>>> print(open('data-v2.cif').read())   # mmCIF, C-alpha atoms
data_structure
#
loop_
_atom_site.label_atom_id
_atom_site.label_comp_id
_atom_site.auth_asym_id
_atom_site.auth_seq_id
_atom_site.Cartn_x
_atom_site.Cartn_y
_atom_site.Cartn_z
CA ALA T 1 -9.83 -9.53 -11.68
CA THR T 2 -6.18 -10.55 -11.82
CA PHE T 3 -3.43 -8.71 -10.00
CA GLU T 4 0.13 -9.76 -10.81
CA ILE T 5 2.28 -8.78 -7.86
CA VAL T 6 5.93 -8.44 -8.85
CA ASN T 7 8.86 -7.92 -6.53
CA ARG T 8 11.59 -5.99 -8.35
CA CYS T 9 13.29 -5.17 -5.05
CA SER T 10 16.69 -6.61 -4.30
CA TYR T 11 15.26 -7.96 -1.00
CA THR T 12 12.49 -10.44 -0.30
CA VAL T 13 9.06 -9.07 0.46
CA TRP T 14 5.92 -10.82 1.68
CA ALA T 15 3.05 -9.53 -0.40
CA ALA T 16 -0.30 -9.06 1.32
CA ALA T 17 -3.80 -8.58 -0.03
CA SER T 18 -6.89 -7.90 2.07
CA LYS T 19 -10.14 -5.94 2.18
CA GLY T 20 -9.84 -5.44 5.94
CA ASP T 21 -12.26 -8.08 7.13
CA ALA T 22 -11.06 -10.87 4.82
CA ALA T 23 -8.14 -12.03 2.73
CA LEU T 24 -8.09 -11.44 -0.98
CA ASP T 25 -7.07 -14.73 -2.62
CA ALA T 26 -4.64 -16.45 -0.24
CA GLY T 27 -4.02 -13.12 1.52
CA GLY T 28 -0.22 -13.26 1.38
CA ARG T 29 2.85 -14.97 -0.02
CA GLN T 30 6.61 -14.69 -0.03
CA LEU T 31 8.13 -12.96 -3.09
CA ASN T 32 11.86 -13.34 -3.46
CA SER T 33 13.63 -10.74 -5.57
CA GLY T 34 12.27 -11.00 -9.09
CA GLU T 35 9.30 -13.26 -8.30
CA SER T 36 5.77 -12.69 -9.54
CA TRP T 37 2.59 -13.92 -7.85
CA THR T 38 -0.78 -13.55 -9.56
CA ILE T 39 -3.89 -13.31 -7.43
CA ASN T 40 -7.56 -13.25 -8.26
CA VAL T 41 -9.76 -10.64 -6.65
CA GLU T 42 -13.55 -11.01 -6.81
CA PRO T 43 -15.45 -8.46 -8.88
CA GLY T 44 -17.12 -5.85 -6.73
CA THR T 45 -14.38 -5.85 -4.08
CA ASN T 46 -14.60 -2.55 -2.26
CA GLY T 47 -11.72 -1.14 -0.21
CA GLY T 48 -9.10 -3.71 -1.19
CA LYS T 49 -5.43 -3.12 -0.49
CA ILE T 50 -2.15 -4.71 -1.51
CA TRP T 51 1.11 -3.99 0.29
CA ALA T 52 4.57 -5.36 0.90
CA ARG T 53 5.83 -6.63 4.22
CA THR T 54 9.50 -6.70 5.10
CA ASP T 55 11.71 -8.67 7.46
CA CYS T 56 9.27 -11.47 8.16
CA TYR T 57 9.64 -14.81 9.91
CA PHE T 58 6.95 -17.43 9.67
CA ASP T 59 6.77 -20.89 11.16
CA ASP T 60 5.48 -23.94 9.27
CA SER T 61 1.88 -23.05 10.19
CA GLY T 62 2.17 -19.55 8.68
CA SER T 63 2.28 -17.69 11.97
CA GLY T 64 5.00 -15.23 12.77
CA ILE T 65 6.05 -11.57 12.54
CA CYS T 66 7.13 -8.87 10.07
CA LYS T 67 8.79 -5.55 10.79
CA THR T 68 6.57 -3.63 8.42
CA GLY T 69 3.03 -4.43 7.39
CA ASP T 70 2.49 -7.34 9.77
CA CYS T 71 -1.14 -8.47 9.68
CA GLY T 72 -1.77 -10.07 13.08
CA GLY T 73 1.24 -12.31 12.64
CA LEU T 74 -0.21 -14.27 9.67
CA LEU T 75 1.55 -15.15 6.43
CA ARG T 76 -1.90 -15.22 4.86
CA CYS T 77 -3.38 -11.84 5.74
CA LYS T 78 -7.00 -11.51 6.63
CA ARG T 79 -6.68 -7.95 8.00
CA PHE T 80 -4.78 -4.77 7.13
CA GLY T 81 -1.16 -4.45 8.04
CA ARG T 82 0.74 -2.56 10.70
CA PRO T 83 2.18 0.78 9.53
CA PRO T 84 4.38 1.84 7.92
CA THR T 85 2.93 0.44 4.71
CA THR T 86 2.84 1.95 1.23
CA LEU T 87 -0.67 1.01 0.03
CA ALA T 88 -2.07 0.03 -3.37
CA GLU T 89 -5.79 0.68 -2.89
CA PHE T 90 -8.68 -0.31 -5.12
CA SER T 91 -12.41 -0.68 -5.38
CA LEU T 92 -13.66 -2.70 -8.33
CA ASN T 93 -16.98 -2.65 -10.21
CA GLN T 94 -18.33 0.41 -8.42
CA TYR T 95 -21.21 1.51 -10.64
CA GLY T 96 -19.41 0.07 -13.63
CA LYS T 97 -15.90 1.46 -12.98
CA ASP T 98 -12.80 0.57 -11.02
CA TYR T 99 -10.88 3.06 -8.86
CA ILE T 100 -7.19 2.79 -7.98
CA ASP T 101 -4.72 4.85 -5.97
CA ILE T 102 -1.55 4.71 -3.92
CA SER T 103 -1.60 6.04 -0.38
CA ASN T 104 1.06 7.12 2.11
CA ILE T 105 -1.59 7.84 4.77
CA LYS T 106 -0.35 4.77 6.68
CA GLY T 107 3.29 5.58 6.00
CA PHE T 108 5.76 4.17 3.50
CA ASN T 109 7.90 1.03 3.58
CA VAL T 110 8.56 -0.08 0.00
CA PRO T 111 8.29 1.86 -3.29
CA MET T 112 5.52 0.75 -5.64
CA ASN T 113 3.90 1.10 -9.01
CA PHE T 114 0.22 0.18 -9.40
CA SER T 115 -0.84 0.02 -13.04
CA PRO T 116 -3.57 -1.55 -15.16
CA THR T 117 -2.50 -4.37 -17.48
CA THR T 118 -5.62 -3.71 -19.62
CA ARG T 119 -6.72 -0.60 -21.56
CA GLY T 120 -8.34 2.63 -20.65
CA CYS T 121 -6.50 4.33 -17.75
CA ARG T 122 -3.07 5.20 -16.40
CA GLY T 123 -1.09 3.76 -13.51
CA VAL T 124 0.03 5.46 -10.33
CA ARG T 125 3.48 5.35 -8.72
CA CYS T 126 5.30 6.26 -5.53
CA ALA T 127 8.90 5.22 -6.09
CA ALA T 128 10.97 7.92 -4.48
CA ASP T 129 13.34 7.15 -1.60
CA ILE T 130 10.92 8.10 1.15
CA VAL T 131 12.66 5.90 3.74
CA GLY T 132 16.07 7.45 3.03
CA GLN T 133 14.68 11.00 3.10
CA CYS T 134 12.23 10.43 5.99
CA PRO T 135 12.08 13.22 8.59
CA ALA T 136 13.83 12.19 11.78
CA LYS T 137 10.66 12.22 13.91
CA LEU T 138 8.83 9.93 11.45
CA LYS T 139 11.54 7.28 11.11
CA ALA T 140 10.19 3.94 12.42
CA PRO T 141 12.85 2.10 14.51
CA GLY T 142 11.39 -1.15 13.19
CA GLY T 143 11.93 0.08 9.61
CA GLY T 144 10.17 2.52 7.17
CA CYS T 145 8.77 6.04 7.39
CA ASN T 146 5.72 6.46 9.58
CA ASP T 147 2.84 8.75 8.84
CA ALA T 148 2.27 11.52 11.38
CA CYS T 149 -1.02 10.07 12.62
CA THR T 150 0.73 6.86 13.66
CA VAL T 151 3.46 8.83 15.44
CA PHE T 152 1.53 11.62 17.17
CA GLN T 153 -2.14 10.52 17.40
CA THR T 154 -3.66 13.98 16.93
CA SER T 155 -7.00 14.90 15.44
CA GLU T 156 -5.14 17.03 12.90
CA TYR T 157 -2.91 14.26 11.57
CA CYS T 158 -5.50 11.55 11.83
CA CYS T 159 -8.26 13.80 10.39
CA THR T 160 -10.52 12.44 13.05
CA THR T 161 -13.28 14.99 12.60
CA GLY T 162 -12.98 15.19 8.82
CA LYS T 163 -11.63 18.83 8.78
CA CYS T 164 -7.84 18.58 8.78
CA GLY T 165 -5.39 20.37 6.53
CA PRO T 166 -2.03 19.51 5.06
CA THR T 167 0.87 19.51 7.52
CA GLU T 168 4.64 19.78 7.41
CA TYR T 169 4.71 15.96 7.59
CA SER T 170 2.08 15.35 4.91
CA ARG T 171 3.88 17.81 2.65
CA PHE T 172 7.04 15.70 2.89
CA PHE T 173 5.20 12.62 1.56
CA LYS T 174 3.51 14.76 -1.09
CA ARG T 175 6.78 16.35 -2.24
CA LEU T 176 8.43 12.94 -2.62
CA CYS T 177 5.32 11.31 -4.14
CA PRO T 178 2.89 13.77 -5.71
CA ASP T 179 0.82 10.91 -7.11
CA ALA T 180 -0.05 9.33 -3.74
CA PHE T 181 -2.40 10.41 -0.96
CA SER T 182 -0.39 12.18 1.76
CA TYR T 183 -3.19 12.78 4.29
CA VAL T 184 -6.86 11.88 4.55
CA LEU T 185 -8.22 15.01 2.85
CA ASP T 186 -5.53 15.30 0.20
CA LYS T 187 -6.66 16.35 -3.26
CA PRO T 188 -7.43 12.91 -4.72
CA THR T 189 -5.01 11.07 -6.98
CA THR T 190 -7.46 8.25 -7.66
CA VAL T 191 -7.60 6.95 -11.22
CA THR T 192 -10.81 5.74 -12.81
CA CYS T 193 -10.39 2.56 -14.84
CA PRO T 194 -12.93 0.53 -16.83
CA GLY T 195 -14.86 -1.87 -14.66
CA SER T 196 -13.18 -5.28 -14.49
CA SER T 197 -9.71 -4.06 -15.43
CA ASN T 198 -6.69 -6.18 -14.48
CA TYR T 199 -3.58 -4.87 -12.77
CA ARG T 200 0.05 -5.24 -11.80
CA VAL T 201 1.57 -4.09 -8.52
CA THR T 202 5.35 -3.78 -8.82
CA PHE T 203 7.49 -3.30 -5.71
CA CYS T 204 10.66 -1.28 -6.38
CA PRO T 205 9.67 -0.36 -9.91
CA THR T 206 12.75 1.79 -10.48
#
>>> encode(input="data-v2.cif", output="structure tokens")
Amino acid sequence: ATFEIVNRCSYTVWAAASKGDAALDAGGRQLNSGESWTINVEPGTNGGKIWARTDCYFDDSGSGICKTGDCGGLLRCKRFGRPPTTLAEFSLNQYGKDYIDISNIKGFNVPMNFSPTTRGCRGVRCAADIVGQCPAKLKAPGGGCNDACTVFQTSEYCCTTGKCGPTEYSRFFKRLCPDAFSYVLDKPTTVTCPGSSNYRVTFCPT
């Protein structure tokens, strides 16, 4: 499957793509404002994610740091990134269908649209100014708007036992972005697409 990753932000981002235990494609790349990078993701990939990283520095070997979404200091991510990260999440060719969503469960750094470029389903979007509107206690000094699990490490926010409810913090993410997961047990906003669809992830769509 192809994923064109487009940075419409006025700032550089470093795109990242991983399934948690491995890179997808090269795993990451710099995207200056306006740039597009197309990756190939193997059919059947389960639990893939794409995200933006901000404020990165990498040496010539591809090792370094980012302020949001850093993945073990690598340009080319093999693992998931450090919150806060707005997440484009997907599982492909799962009993013949693909499934896509956006999640704020690991916080929000950069607005995003995640849409198919082929027929048969809708896209999803979280493009509101969550960083600007972020509750004081969730603001990350390194940049972005943390989720409450990251900040407070409670069973309720982290849904550790699988029984949690919505919270004042989750409700903030949900109010700003109804179409994204705001906590683990949120009413799903996952979209079913035809198996083997192709996609575009656009940072700063609006």
>>> residues_around(input="data-v2.cif", residues="region 119-132 of chain T", least_positions_apart="6", cutoff="8 Å", atoms="all atoms listed in the file", output="list in words")
residues 101, 102, 108, 109, 111, 112, 113, 139, 144, 145, 173, 176, 177, 178, 179, 180, 191, 192, 193, 194, 197, 204, 205 and 206 of chain T
>>> write_last_selection(input="data-v2.cif", atoms="C-alpha atoms", output="PDB file, in the coordinates of the input")
ATOM      1  CA  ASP T 101      -4.720   4.850  -5.970  1.00  0.00           C
ATOM      2  CA  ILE T 102      -1.550   4.710  -3.920  1.00  0.00           C
ATOM      3  CA  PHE T 108       5.760   4.170   3.500  1.00  0.00           C
ATOM      4  CA  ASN T 109       7.900   1.030   3.580  1.00  0.00           C
ATOM      5  CA  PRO T 111       8.290   1.860  -3.290  1.00  0.00           C
ATOM      6  CA  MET T 112       5.520   0.750  -5.640  1.00  0.00           C
ATOM      7  CA  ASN T 113       3.900   1.100  -9.010  1.00  0.00           C
ATOM      8  CA  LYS T 139      11.540   7.280  11.110  1.00  0.00           C
ATOM      9  CA  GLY T 144      10.170   2.520   7.170  1.00  0.00           C
ATOM     10  CA  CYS T 145       8.770   6.040   7.390  1.00  0.00           C
ATOM     11  CA  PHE T 173       5.200  12.620   1.560  1.00  0.00           C
ATOM     12  CA  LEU T 176       8.430  12.940  -2.620  1.00  0.00           C
ATOM     13  CA  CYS T 177       5.320  11.310  -4.140  1.00  0.00           C
ATOM     14  CA  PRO T 178       2.890  13.770  -5.710  1.00  0.00           C
ATOM     15  CA  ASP T 179       0.820  10.910  -7.110  1.00  0.00           C
ATOM     16  CA  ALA T 180      -0.050   9.330  -3.740  1.00  0.00           C
ATOM     17  CA  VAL T 191      -7.600   6.950 -11.220  1.00  0.00           C
ATOM     18  CA  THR T 192     -10.810   5.740 -12.810  1.00  0.00           C
ATOM     19  CA  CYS T 193     -10.390   2.560 -14.840  1.00  0.00           C
ATOM     20  CA  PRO T 194     -12.930   0.530 -16.830  1.00  0.00           C
ATOM     21  CA  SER T 197      -9.710  -4.060 -15.430  1.00  0.00           C
ATOM     22  CA  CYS T 204      10.660  -1.280  -6.380  1.00  0.00           C
ATOM     23  CA  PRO T 205       9.670  -0.360  -9.910  1.00  0.00           C
ATOM     24  CA  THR T 206      12.750   1.790 -10.480  1.00  0.00           C
TER      25      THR T 206
END
>>> resolve_selection(input="data-v2.cif", expression="the PyMOL selection byres ((chain T and resi 93) around 9)", output="mmCIF file with C-alpha atoms, in the coordinates of the input")
data_model
loop_
_atom_site.group_PDB
_atom_site.id
_atom_site.type_symbol
_atom_site.label_atom_id
_atom_site.label_comp_id
_atom_site.auth_asym_id
_atom_site.auth_seq_id
_atom_site.Cartn_x
_atom_site.Cartn_y
_atom_site.Cartn_z
ATOM 1 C CA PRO T 43 -15.450 -8.460 -8.880
ATOM 2 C CA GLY T 44 -17.120 -5.850 -6.730
ATOM 3 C CA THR T 45 -14.380 -5.850 -4.080
ATOM 4 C CA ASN T 46 -14.600 -2.550 -2.260
ATOM 5 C CA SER T 91 -12.410 -0.680 -5.380
ATOM 6 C CA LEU T 92 -13.660 -2.700 -8.330
ATOM 7 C CA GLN T 94 -18.330 0.410 -8.420
ATOM 8 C CA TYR T 95 -21.210 1.510 -10.640
ATOM 9 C CA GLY T 96 -19.410 0.070 -13.630
ATOM 10 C CA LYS T 97 -15.900 1.460 -12.980
ATOM 11 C CA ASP T 98 -12.800 0.570 -11.020
ATOM 12 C CA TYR T 99 -10.880 3.060 -8.860
ATOM 13 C CA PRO T 194 -12.930 0.530 -16.830
ATOM 14 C CA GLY T 195 -14.860 -1.870 -14.660
ATOM 15 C CA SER T 196 -13.180 -5.280 -14.490
#
>>> closest_residue(input="data-v2.cif", among="T:86, T:167, T:70, T:30", to="residue 146 (chain T)", atoms="all atoms listed in the file")
T:86
>>> closest_residue(input="data-v2.cif", among="T:87, T:16, T:158, T:1", to="residue 53 (chain T)", atoms="all atoms listed in the file")
T:16
>>> atom_distance(input="data-v2.cif", atom1="CA of residue 83 (chain T)", atom2="CA of residue 33 (chain T)")
22.2 Å
>>> closest_residue(input="data-v2.cif", among="T:17, T:100, T:39, T:77", to="residue 114 (chain T)", atoms="all atoms listed in the file")
T:100
>>> resolve_selection(input="data-v2.cif", expression="the PyMOL selection byres ((chain T and resi 56-67) around 12)", output="number ranges by chain")
T: 11-16, 26-31, 52-55, 68-77, 81-85, 109, 140-144
>>> residues_near_point(input="data-v2.cif", point="(5.7, -9.5, -9.1)", cutoff="8 Å", atoms="only C-alpha atoms", output="number ranges by chain")
T: 4-8, 31, 34-38, 200-203
>>> atom_distance(input="data-v2.cif", atom1="CA of residue 79 (chain T)", atom2="CA of residue 149 (chain T)")
19.4 Å
>>> atom_distance(input="data-v2.cif", atom1="CA of residue 170 (chain T)", atom2="CA of residue 22 (chain T)")
29.3 Å
>>> resolve_selection(input="data-v2.cif", expression="the PyMOL selection byres ((chain T and resi 41) around 6)", output="MDAnalysis selection string")
chainID T and resid 1 24 40 42
>>> closest_residue(input="data-v2.cif", among="T:164, T:9, T:185, T:105", to="residue 151 (chain T)", atoms="only C-alpha atoms")
T:105
>>> axis_aligned_box(input="data-v2.cif", around="region 175-184 of chain T", padding_each_side="3 Å", output="AutoDock Vina command-line options")
--center_x 0.8 --center_y 12.8 --center_z -1.3 --size_x 21.3 --size_y 13.0 --size_z 17.7
>>> build_atoms(input="data-v2.cif", residues="region 116-140 of chain T", atoms="N, CA and C atoms", output="PDB file, in the coordinates of the input")
ATOM      1  N   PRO T 116      -2.717  -0.572 -14.438  1.00  0.00           N
ATOM      2  CA  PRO T 116      -3.570  -1.550 -15.160  1.00  0.00           C
ATOM      3  C   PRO T 116      -2.714  -2.327 -16.145  1.00  0.00           C
ATOM      4  N   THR T 117      -3.114  -3.565 -16.413  1.00  0.00           N
ATOM      5  CA  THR T 117      -2.500  -4.370 -17.480  1.00  0.00           C
ATOM      6  C   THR T 117      -3.456  -4.456 -18.670  1.00  0.00           C
ATOM      7  N   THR T 118      -4.591  -3.778 -18.579  1.00  0.00           N
ATOM      8  CA  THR T 118      -5.620  -3.710 -19.620  1.00  0.00           C
ATOM      9  C   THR T 118      -5.847  -2.218 -19.957  1.00  0.00           C
ATOM     10  N   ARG T 119      -6.618  -1.957 -21.013  1.00  0.00           N
ATOM     11  CA  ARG T 119      -6.720  -0.600 -21.560  1.00  0.00           C
ATOM     12  C   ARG T 119      -7.579   0.372 -20.769  1.00  0.00           C
ATOM     13  N   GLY T 120      -7.346   1.662 -20.989  1.00  0.00           N
ATOM     14  CA  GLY T 120      -8.340   2.630 -20.650  1.00  0.00           C
ATOM     15  C   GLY T 120      -8.045   3.540 -19.481  1.00  0.00           C
ATOM     16  N   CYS T 121      -6.877   3.419 -18.861  1.00  0.00           N
ATOM     17  CA  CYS T 121      -6.500   4.330 -17.750  1.00  0.00           C
ATOM     18  C   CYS T 121      -4.986   4.221 -17.514  1.00  0.00           C
ATOM     19  N   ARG T 122      -4.476   5.137 -16.736  1.00  0.00           N
ATOM     20  CA  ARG T 122      -3.070   5.200 -16.400  1.00  0.00           C
ATOM     21  C   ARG T 122      -2.786   4.471 -15.090  1.00  0.00           C
ATOM     22  N   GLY T 123      -1.510   4.204 -14.832  1.00  0.00           N
ATOM     23  CA  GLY T 123      -1.090   3.760 -13.510  1.00  0.00           C
ATOM     24  C   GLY T 123      -0.687   4.922 -12.612  1.00  0.00           C
ATOM     25  N   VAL T 124      -0.420   4.554 -11.364  1.00  0.00           N
ATOM     26  CA  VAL T 124       0.030   5.460 -10.330  1.00  0.00           C
ATOM     27  C   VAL T 124       1.317   4.888  -9.726  1.00  0.00           C
ATOM     28  N   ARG T 125       2.168   5.773  -9.181  1.00  0.00           N
ATOM     29  CA  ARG T 125       3.480   5.350  -8.720  1.00  0.00           C
ATOM     30  C   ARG T 125       3.931   6.207  -7.557  1.00  0.00           C
ATOM     31  N   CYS T 126       4.537   5.564  -6.566  1.00  0.00           N
ATOM     32  CA  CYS T 126       5.300   6.260  -5.530  1.00  0.00           C
ATOM     33  C   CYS T 126       6.593   5.480  -5.353  1.00  0.00           C
ATOM     34  N   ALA T 127       7.647   5.959  -6.025  1.00  0.00           N
ATOM     35  CA  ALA T 127       8.900   5.220  -6.090  1.00  0.00           C
ATOM     36  C   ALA T 127      10.110   5.970  -5.600  1.00  0.00           C
ATOM     37  N   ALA T 128       9.904   7.139  -5.042  1.00  0.00           N
ATOM     38  CA  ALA T 128      10.970   7.920  -4.480  1.00  0.00           C
ATOM     39  C   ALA T 128      11.492   7.272  -3.215  1.00  0.00           C
ATOM     40  N   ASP T 129      12.674   7.727  -2.787  1.00  0.00           N
ATOM     41  CA  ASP T 129      13.340   7.150  -1.600  1.00  0.00           C
ATOM     42  C   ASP T 129      12.816   7.790  -0.310  1.00  0.00           C
ATOM     43  N   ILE T 130      11.543   7.510  -0.026  1.00  0.00           N
ATOM     44  CA  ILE T 130      10.920   8.100   1.150  1.00  0.00           C
ATOM     45  C   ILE T 130      11.596   7.605   2.427  1.00  0.00           C
ATOM     46  N   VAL T 131      12.003   6.333   2.510  1.00  0.00           N
ATOM     47  CA  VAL T 131      12.660   5.900   3.740  1.00  0.00           C
ATOM     48  C   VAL T 131      13.979   6.656   3.934  1.00  0.00           C
ATOM     49  N   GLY T 132      14.785   6.779   2.885  1.00  0.00           N
ATOM     50  CA  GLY T 132      16.070   7.450   3.030  1.00  0.00           C
ATOM     51  C   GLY T 132      15.911   8.914   3.414  1.00  0.00           C
ATOM     52  N   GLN T 133      14.866   9.559   2.895  1.00  0.00           N
ATOM     53  CA  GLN T 133      14.680  11.000   3.100  1.00  0.00           C
ATOM     54  C   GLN T 133      13.765  11.316   4.280  1.00  0.00           C
ATOM     55  N   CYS T 134      13.255  10.292   4.950  1.00  0.00           N
ATOM     56  CA  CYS T 134      12.230  10.430   5.990  1.00  0.00           C
ATOM     57  C   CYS T 134      12.664  11.426   7.067  1.00  0.00           C
ATOM     58  N   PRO T 135      11.777  12.353   7.451  1.00  0.00           N
ATOM     59  CA  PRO T 135      12.080  13.220   8.590  1.00  0.00           C
ATOM     60  C   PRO T 135      12.430  12.414   9.831  1.00  0.00           C
ATOM     61  N   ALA T 136      13.380  12.912  10.605  1.00  0.00           N
ATOM     62  CA  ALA T 136      13.830  12.190  11.780  1.00  0.00           C
ATOM     63  C   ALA T 136      12.682  11.714  12.659  1.00  0.00           C
ATOM     64  N   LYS T 137      11.702  12.578  12.946  1.00  0.00           N
ATOM     65  CA  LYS T 137      10.660  12.220  13.910  1.00  0.00           C
ATOM     66  C   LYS T 137       9.718  11.142  13.377  1.00  0.00           C
ATOM     67  N   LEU T 138       9.712  10.925  12.064  1.00  0.00           N
ATOM     68  CA  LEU T 138       8.830   9.930  11.450  1.00  0.00           C
ATOM     69  C   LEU T 138       9.529   8.595  11.220  1.00  0.00           C
ATOM     70  N   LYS T 139      10.848   8.530  11.388  1.00  0.00           N
ATOM     71  CA  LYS T 139      11.540   7.280  11.110  1.00  0.00           C
ATOM     72  C   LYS T 139      11.011   6.207  12.063  1.00  0.00           C
ATOM     73  N   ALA T 140      10.673   5.032  11.532  1.00  0.00           N
ATOM     74  CA  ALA T 140      10.190   3.940  12.420  1.00  0.00           C
ATOM     75  C   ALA T 140      11.387   3.118  12.821  1.00  0.00           C
TER      76      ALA T 140
END
